[PDB]
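To be precise, the following lines are input_22.cif, and they hold mmCIF, N, CA and C atoms and all ligand atoms.
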```cif
data_input
loop_
_atom_site.group_PDB
_atom_site.id
_atom_site.type_symbol
_atom_site.label_atom_id
_atom_site.label_comp_id
_atom_site.auth_asym_id
_atom_site.auth_seq_id
_atom_site.Cartn_x
_atom_site.Cartn_y
_atom_site.Cartn_z
ATOM 1 N N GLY A 1 0.824 -1.247 0.000
ATOM 2 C CA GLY A 1 0.000 0.000 0.000
ATOM 3 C C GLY A 1 0.836 1.265 0.000
ATOM 4 N N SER A 2 2.151 1.096 0.094
ATOM 5 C CA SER A 2 3.072 2.221 0.117
ATOM 6 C C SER A 2 2.908 2.987 1.430
ATOM 7 N N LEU A 3 2.182 4.104 1.414
ATOM 8 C CA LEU A 3 2.001 4.888 2.636
ATOM 9 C C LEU A 3 1.220 4.125 3.708
ATOM 10 N N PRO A 4 0.029 3.590 3.368
ATOM 11 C CA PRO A 4 -0.702 2.857 4.408
ATOM 12 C C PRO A 4 0.155 1.710 4.939
ATOM 13 N N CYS A 5 0.940 1.098 4.056
ATOM 14 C CA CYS A 5 1.820 0.014 4.465
ATOM 15 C C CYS A 5 2.937 0.570 5.352
ATOM 16 N N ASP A 6 3.577 1.648 4.918
ATOM 17 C CA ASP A 6 4.648 2.230 5.734
ATOM 18 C C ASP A 6 4.136 2.626 7.120
ATOM 19 N N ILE A 7 2.982 3.286 7.170
ATOM 20 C CA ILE A 7 2.404 3.716 8.441
ATOM 21 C C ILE A 7 2.078 2.501 9.319
ATOM 22 N N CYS A 8 1.466 1.485 8.719
ATOM 23 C CA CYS A 8 1.125 0.288 9.484
ATOM 24 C C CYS A 8 2.360 -0.291 10.178
ATOM 25 N N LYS A 9 3.462 -0.390 9.446
ATOM 26 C CA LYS A 9 4.676 -0.948 10.013
ATOM 27 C C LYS A 9 5.236 -0.081 11.138
ATOM 28 N N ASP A 10 5.213 1.242 10.970
ATOM 29 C CA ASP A 10 5.701 2.121 12.036
ATOM 30 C C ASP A 10 4.810 1.956 13.278
ATOM 31 N N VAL A 11 3.511 1.794 13.060
ATOM 32 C CA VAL A 11 2.563 1.618 14.158
ATOM 33 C C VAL A 11 2.801 0.329 14.955
ATOM 34 N N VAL A 12 2.987 -0.776 14.239
ATOM 35 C CA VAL A 12 3.226 -2.065 14.878
ATOM 36 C C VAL A 12 4.537 -2.026 15.667
ATOM 37 N N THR A 13 5.563 -1.399 15.104
ATOM 38 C CA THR A 13 6.840 -1.312 15.812
ATOM 39 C C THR A 13 6.683 -0.518 17.115
ATOM 40 N N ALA A 14 6.053 0.643 17.004
ATOM 41 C CA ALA A 14 5.852 1.523 18.147
ATOM 42 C C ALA A 14 4.957 0.880 19.206
ATOM 43 N N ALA A 15 3.910 0.191 18.775
ATOM 44 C CA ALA A 15 3.015 -0.461 19.718
ATOM 45 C C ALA A 15 3.795 -1.512 20.518
ATOM 46 N N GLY A 16 4.575 -2.335 19.825
ATOM 47 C CA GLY A 16 5.349 -3.353 20.515
ATOM 48 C C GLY A 16 6.312 -2.764 21.532
ATOM 49 N N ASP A 17 6.987 -1.684 21.153
ATOM 50 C CA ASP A 17 7.941 -1.037 22.048
ATOM 51 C C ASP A 17 7.237 -0.490 23.296
ATOM 52 N N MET A 18 6.088 0.150 23.104
ATOM 53 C CA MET A 18 5.354 0.704 24.235
ATOM 54 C C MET A 18 4.784 -0.361 25.170
ATOM 55 N N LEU A 19 4.307 -1.468 24.610
ATOM 56 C CA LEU A 19 3.777 -2.538 25.437
ATOM 57 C C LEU A 19 4.874 -3.032 26.387
ATOM 58 N N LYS A 20 6.110 -3.099 25.892
ATOM 59 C CA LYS A 20 7.246 -3.536 26.703
ATOM 60 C C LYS A 20 7.547 -2.510 27.791
ATOM 61 N N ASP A 21 7.178 -1.262 27.523
ATOM 62 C CA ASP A 21 7.374 -0.155 28.452
ATOM 63 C C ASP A 21 6.202 -0.061 29.426
ATOM 64 N N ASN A 22 5.333 -1.066 29.402
ATOM 65 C CA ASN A 22 4.166 -1.104 30.274
ATOM 66 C C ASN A 22 3.106 -0.021 30.002
ATOM 67 N N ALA A 23 3.018 0.470 28.768
ATOM 68 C CA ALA A 23 2.014 1.486 28.449
ATOM 69 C C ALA A 23 0.644 0.827 28.354
ATOM 70 N N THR A 24 -0.409 1.575 28.678
ATOM 71 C CA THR A 24 -1.767 1.044 28.581
ATOM 72 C C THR A 24 -2.173 1.134 27.110
ATOM 73 N N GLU A 25 -3.226 0.428 26.723
ATOM 74 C CA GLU A 25 -3.661 0.480 25.338
ATOM 75 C C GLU A 25 -4.110 1.882 24.971
ATOM 76 N N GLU A 26 -4.733 2.601 25.906
ATOM 77 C CA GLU A 26 -5.138 3.964 25.581
ATOM 78 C C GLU A 26 -3.922 4.883 25.437
ATOM 79 N N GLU A 27 -2.905 4.724 26.283
ATOM 80 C CA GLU A 27 -1.734 5.591 26.147
ATOM 81 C C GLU A 27 -1.094 5.370 24.771
ATOM 82 N N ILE A 28 -1.116 4.131 24.284
ATOM 83 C CA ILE A 28 -0.535 3.833 22.970
ATOM 84 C C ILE A 28 -1.352 4.537 21.895
ATOM 85 N N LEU A 29 -2.673 4.432 21.993
ATOM 86 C CA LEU A 29 -3.554 5.071 21.022
ATOM 87 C C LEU A 29 -3.315 6.590 20.997
ATOM 88 N N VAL A 30 -3.247 7.201 22.171
ATOM 89 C CA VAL A 30 -3.026 8.644 22.253
ATOM 90 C C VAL A 30 -1.672 9.052 21.667
ATOM 91 N N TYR A 31 -0.636 8.320 22.039
ATOM 92 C CA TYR A 31 0.702 8.618 21.570
ATOM 93 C C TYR A 31 0.912 8.436 20.064
ATOM 94 N N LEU A 32 0.427 7.337 19.494
ATOM 95 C CA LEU A 32 0.609 7.136 18.053
ATOM 96 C C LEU A 32 -0.147 8.203 17.277
ATOM 97 N N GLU A 33 -1.319 8.590 17.771
ATOM 98 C CA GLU A 33 -2.097 9.619 17.087
ATOM 99 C C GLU A 33 -1.307 10.927 17.024
ATOM 100 N N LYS A 34 -0.595 11.233 18.099
ATOM 101 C CA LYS A 34 0.217 12.441 18.159
ATOM 102 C C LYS A 34 1.463 12.290 17.288
ATOM 103 N N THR A 35 2.012 11.078 17.220
ATOM 104 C CA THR A 35 3.204 10.858 16.406
ATOM 105 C C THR A 35 2.865 11.052 14.927
ATOM 106 N N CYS A 36 1.595 10.859 14.575
ATOM 107 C CA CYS A 36 1.189 11.064 13.186
ATOM 108 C C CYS A 36 1.481 12.516 12.757
ATOM 109 N N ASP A 37 1.550 13.425 13.727
ATOM 110 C CA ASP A 37 1.847 14.825 13.421
ATOM 111 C C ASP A 37 3.267 14.992 12.901
ATOM 112 N N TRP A 38 4.065 13.929 12.911
ATOM 113 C CA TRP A 38 5.420 14.037 12.400
ATOM 114 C C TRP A 38 5.411 13.951 10.881
ATOM 115 N N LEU A 39 4.333 13.419 10.305
ATOM 116 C CA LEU A 39 4.230 13.346 8.852
ATOM 117 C C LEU A 39 4.136 14.806 8.419
ATOM 118 N N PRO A 40 5.030 15.236 7.517
ATOM 119 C CA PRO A 40 5.115 16.606 6.993
ATOM 120 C C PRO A 40 3.871 17.298 6.431
ATOM 121 N N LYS A 41 3.011 16.569 5.730
ATOM 122 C CA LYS A 41 1.820 17.200 5.173
ATOM 123 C C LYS A 41 0.540 16.882 5.936
ATOM 124 N N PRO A 42 -0.351 17.879 6.070
ATOM 125 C CA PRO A 42 -1.621 17.706 6.784
ATOM 126 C C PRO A 42 -2.451 16.496 6.343
ATOM 127 N N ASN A 43 -2.578 16.295 5.033
ATOM 128 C CA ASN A 43 -3.356 15.171 4.518
ATOM 129 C C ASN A 43 -2.728 13.839 4.924
ATOM 130 N N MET A 44 -1.398 13.759 4.901
ATOM 131 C CA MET A 44 -0.725 12.526 5.296
ATOM 132 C C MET A 44 -0.916 12.290 6.791
ATOM 133 N N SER A 45 -0.749 13.338 7.593
ATOM 134 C CA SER A 45 -0.934 13.188 9.033
ATOM 135 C C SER A 45 -2.367 12.718 9.321
ATOM 136 N N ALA A 46 -3.334 13.276 8.596
ATOM 137 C CA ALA A 46 -4.738 12.898 8.763
ATOM 138 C C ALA A 46 -4.985 11.419 8.425
ATOM 139 N N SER A 47 -4.418 10.939 7.324
ATOM 140 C CA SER A 47 -4.616 9.538 6.964
ATOM 141 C C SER A 47 -3.906 8.629 7.974
ATOM 142 N N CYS A 48 -2.811 9.112 8.548
ATOM 143 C CA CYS A 48 -2.090 8.328 9.540
ATOM 144 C C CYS A 48 -2.996 8.181 10.758
ATOM 145 N N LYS A 49 -3.669 9.260 11.159
ATOM 146 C CA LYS A 49 -4.543 9.173 12.327
ATOM 147 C C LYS A 49 -5.713 8.218 12.109
ATOM 148 N N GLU A 50 -6.235 8.148 10.886
ATOM 149 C CA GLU A 50 -7.348 7.242 10.599
ATOM 150 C C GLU A 50 -6.883 5.779 10.656
ATOM 151 N N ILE A 51 -5.665 5.507 10.181
ATOM 152 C CA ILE A 51 -5.118 4.150 10.216
ATOM 153 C C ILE A 51 -4.923 3.738 11.674
ATOM 154 N N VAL A 52 -4.370 4.646 12.476
ATOM 155 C CA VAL A 52 -4.167 4.368 13.887
ATOM 156 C C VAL A 52 -5.520 4.086 14.549
ATOM 157 N N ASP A 53 -6.493 4.966 14.331
ATOM 158 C CA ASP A 53 -7.810 4.763 14.930
ATOM 159 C C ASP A 53 -8.494 3.478 14.467
ATOM 160 N N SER A 54 -8.408 3.190 13.174
ATOM 161 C CA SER A 54 -9.033 1.994 12.627
ATOM 162 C C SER A 54 -8.322 0.675 12.928
ATOM 163 N N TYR A 55 -6.990 0.682 12.950
ATOM 164 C CA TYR A 55 -6.235 -0.551 13.168
ATOM 165 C C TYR A 55 -5.481 -0.797 14.472
ATOM 166 N N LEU A 56 -5.165 0.236 15.245
ATOM 167 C CA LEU A 56 -4.387 -0.029 16.452
ATOM 168 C C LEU A 56 -5.037 -1.047 17.397
ATOM 169 N N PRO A 57 -6.338 -0.905 17.680
ATOM 170 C CA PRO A 57 -6.924 -1.901 18.589
ATOM 171 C C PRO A 57 -6.816 -3.360 18.111
ATOM 172 N N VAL A 58 -7.002 -3.610 16.817
ATOM 173 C CA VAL A 58 -6.896 -4.981 16.318
ATOM 174 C C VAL A 58 -5.415 -5.390 16.299
ATOM 175 N N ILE A 59 -4.531 -4.437 16.041
ATOM 176 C CA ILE A 59 -3.104 -4.738 16.062
ATOM 177 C C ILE A 59 -2.723 -5.212 17.483
ATOM 178 N N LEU A 60 -3.239 -4.542 18.506
ATOM 179 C CA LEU A 60 -2.930 -4.947 19.875
ATOM 180 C C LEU A 60 -3.407 -6.370 20.159
ATOM 181 N N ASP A 61 -4.539 -6.757 19.578
ATOM 182 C CA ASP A 61 -5.039 -8.113 19.782
ATOM 183 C C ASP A 61 -4.175 -9.113 19.035
ATOM 184 N N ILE A 62 -3.743 -8.739 17.835
ATOM 185 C CA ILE A 62 -2.913 -9.621 17.032
ATOM 186 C C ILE A 62 -1.548 -9.908 17.641
ATOM 187 N N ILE A 63 -0.857 -8.858 18.080
ATOM 188 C CA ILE A 63 0.475 -9.032 18.624
ATOM 189 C C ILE A 63 0.544 -9.760 19.958
ATOM 190 N N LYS A 64 -0.612 -10.026 20.565
ATOM 191 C CA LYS A 64 -0.651 -10.779 21.812
ATOM 192 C C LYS A 64 -0.506 -12.255 21.432
ATOM 193 N N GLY A 65 -0.635 -12.545 20.137
ATOM 194 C CA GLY A 65 -0.515 -13.911 19.646
ATOM 195 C C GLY A 65 0.876 -14.238 19.119
ATOM 196 N N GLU A 66 0.970 -15.217 18.223
ATOM 197 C CA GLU A 66 2.258 -15.638 17.657
ATOM 198 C C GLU A 66 2.890 -14.639 16.694
ATOM 199 N N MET A 67 2.051 -13.852 16.041
ATOM 200 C CA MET A 67 2.510 -12.868 15.075
ATOM 201 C C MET A 67 2.646 -11.483 15.703
ATOM 202 N N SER A 68 3.854 -10.916 15.669
ATOM 203 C CA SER A 68 4.080 -9.607 16.281
ATOM 204 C C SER A 68 4.972 -8.601 15.544
ATOM 205 N N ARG A 69 5.634 -9.015 14.466
ATOM 206 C CA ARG A 69 6.519 -8.116 13.715
ATOM 207 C C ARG A 69 5.752 -7.309 12.670
ATOM 208 N N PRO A 70 6.218 -6.085 12.367
ATOM 209 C CA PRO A 70 5.564 -5.204 11.390
ATOM 210 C C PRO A 70 5.220 -5.815 10.037
ATOM 211 N N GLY A 71 6.196 -6.448 9.399
ATOM 212 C CA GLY A 71 5.933 -7.045 8.103
ATOM 213 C C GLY A 71 4.817 -8.079 8.138
ATOM 214 N N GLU A 72 4.954 -9.085 8.998
ATOM 215 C CA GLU A 72 3.957 -10.140 9.059
ATOM 216 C C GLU A 72 2.572 -9.628 9.478
ATOM 217 N N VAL A 73 2.537 -8.718 10.450
ATOM 218 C CA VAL A 73 1.258 -8.185 10.913
ATOM 219 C C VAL A 73 0.575 -7.341 9.836
ATOM 220 N N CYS A 74 1.312 -6.406 9.239
ATOM 221 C CA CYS A 74 0.726 -5.555 8.202
ATOM 222 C C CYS A 74 0.361 -6.309 6.910
ATOM 223 N N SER A 75 1.013 -7.445 6.654
ATOM 224 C CA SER A 75 0.678 -8.247 5.474
ATOM 225 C C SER A 75 -0.630 -9.003 5.752
ATOM 226 N N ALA A 76 -0.815 -9.408 7.006
ATOM 227 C CA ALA A 76 -2.024 -10.119 7.415
ATOM 228 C C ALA A 76 -3.243 -9.198 7.278
ATOM 229 N N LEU A 77 -3.065 -7.921 7.606
ATOM 230 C CA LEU A 77 -4.149 -6.921 7.499
ATOM 231 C C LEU A 77 -4.295 -6.445 6.058
ATOM 232 N N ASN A 78 -3.411 -6.940 5.201
ATOM 233 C CA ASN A 78 -3.397 -6.561 3.803
ATOM 234 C C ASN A 78 -3.173 -5.077 3.559
ATOM 235 N N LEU A 79 -2.420 -4.442 4.455
ATOM 236 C CA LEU A 79 -2.081 -3.034 4.281
ATOM 237 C C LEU A 79 -0.759 -3.003 3.497
ATOM 238 N N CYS A 80 -0.012 -4.101 3.576
ATOM 239 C CA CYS A 80 1.241 -4.266 2.836
ATOM 240 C C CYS A 80 1.024 -5.480 1.930
ATOM 241 N N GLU A 81 1.631 -5.472 0.746
ATOM 242 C CA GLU A 81 1.504 -6.585 -0.197
ATOM 243 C C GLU A 81 1.780 -7.929 0.468
ATOM 244 N N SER A 82 0.838 -8.853 0.286
ATOM 245 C CA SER A 82 0.880 -10.194 0.870
ATOM 246 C C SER A 82 2.219 -10.912 0.846
HETATM 247 CA CA CA B 1 4.796 18.243 12.951
#
```
If you convert what's in this file into C-alpha cells, what do you get?
Amino acid sequence: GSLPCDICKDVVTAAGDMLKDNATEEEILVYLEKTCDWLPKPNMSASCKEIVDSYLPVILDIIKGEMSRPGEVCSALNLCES
C-alpha cells in the first residue's frame, strides 16, 4: 500500500515497544495519534490518524498472539503486499 503500508509498520513497531514499556492500550492510542503529526503534510498526518484509529486496537489483539513483527502483521491486514 506504500504509505498505508509504511504507516502500518511504524505503528506495529511503536506499539510493541510501548507494550514492553508497560504502556496502557489507551496511552498507545493517544501517543501514536500524536506521532502522526510528524508526517510533513496535513493530509498525510490525517490519513495516519485514521489508520491508527481503525487498526491499532486490532493490532494490539494480534500481537498478543504468535505474530508480532511489522511485516507479518501488516501483510495479514493486507495493508502491505501479501
Ligand atoms: Ca509536525
With all atoms listed in the file counted and 6.5 Å as the cut-off, give the residues of chain A in contact with ligand CA 1 (chain B), each with its shortest interatomic distance in Å and the pair that gives it, as a tab-separated table.
```
residue	atom	partner	partner_atom	distance
A:37	C	B:CA1	CA	3.6
A:38	CA	B:CA1	CA	4.3
A:39	N	B:CA1	CA	5.5
A:40	CA	B:CA1	CA	6.2
```
Selected residues written out with N, CA and C atoms, as a compact mmCIF listing (two decimals), in the coordinates of the input:
```txt
# COMPACT_ATOMS: atom_id res chain seq x y z
N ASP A 37 1.55 13.42 13.73
CA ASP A 37 1.85 14.82 13.42
C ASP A 37 3.27 14.99 12.90
N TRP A 38 4.07 13.93 12.91
CA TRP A 38 5.42 14.04 12.40
C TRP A 38 5.41 13.95 10.88
N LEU A 39 4.33 13.42 10.30
CA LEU A 39 4.23 13.35 8.85
C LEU A 39 4.14 14.81 8.42
N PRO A 40 5.03 15.24 7.52
CA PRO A 40 5.12 16.61 6.99
C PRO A 40 3.87 17.30 6.43
```
**Request:** Name all residues at most 6.5 Å from residue 8 of chain A (count only N, CA and C atoms; drop same-chain ones fewer than 4 positions away) and give them as a PyMOL selection string.
**Result:** chain A and resi 3-4+12-13+70+74
**Fill in**
Computed gap from atom CA of residue 30 of chain A to atom CA of residue 55 of chain A is 13.3 Å
**Request:** Can you pull out every residue within 8 Å of residue 57 of chain A, counting all atoms listed in the file, but drop anything in the same chain fewer than 6 positions away, and send it as a ChimeraX atom specification?
**Result:** /A:25,29,51
Put those residues in a file: N, CA and C atoms, as an mmCIF file, in the frame of the given file.
```cif
data_model
loop_
_atom_site.group_PDB
_atom_site.id
_atom_site.type_symbol
_atom_site.label_atom_id
_atom_site.label_comp_id
_atom_site.auth_asym_id
_atom_site.auth_seq_id
_atom_site.Cartn_x
_atom_site.Cartn_y
_atom_site.Cartn_z
ATOM 1 N N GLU A 25 -3.226 0.428 26.723
ATOM 2 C CA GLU A 25 -3.661 0.480 25.338
ATOM 3 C C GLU A 25 -4.110 1.882 24.971
ATOM 4 N N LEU A 29 -2.673 4.432 21.993
ATOM 5 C CA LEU A 29 -3.554 5.071 21.022
ATOM 6 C C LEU A 29 -3.315 6.590 20.997
ATOM 7 N N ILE A 51 -5.665 5.507 10.181
ATOM 8 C CA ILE A 51 -5.118 4.150 10.216
ATOM 9 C C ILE A 51 -4.923 3.738 11.674
#
```
**Prompt:** Among chain A, which residues carry a DSSP assignment of alpha helix (DSSP H), reported as number ranges by chain?
**Reply:** A: 3-20, 25-35, 42-62, 70-76
**Surrounding residues of residue 11 of chain A excluding itself and chain neighbours under 3 positions, 8 Å, only N, CA and C atoms, as a PyMOL selection string** = chain A and resi 5-8+14-17+32+52+56+59+70
**Message:** Just checking: using only C-alpha atoms, which residue out of A:80, A:19, A:1, A:43 ends up closest to residue 63 of chain A?
**Reply:**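 Using only C-alpha atoms, the shortest distance to residue 63 of chain A belongs to A:19.
Relative to atom N of residue 78 of chain A, atom N of residue 9 of chain A is found at 10.4 Å.
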**Pairwise distance for atom CA of residue 82 of chain A and atom CA of residue 69 of chain A, rounded to one decimal in Å** =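 Straight-line distance from atom CA of residue 82 of chain A to atom CA of residue 69 of chain A works out to 14.2 Å.
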**Request:** Tell me which of A:10, A:35, A:47, A:2 sits closest to residue 71 of chain A, counting all atoms listed in the file.
**Result:** A:10
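Comparing A:68, A:33, A:26, A:61 by their smallest distance to residue 49 of chain A, the closest is A:33 (using only N, CA and C atoms).
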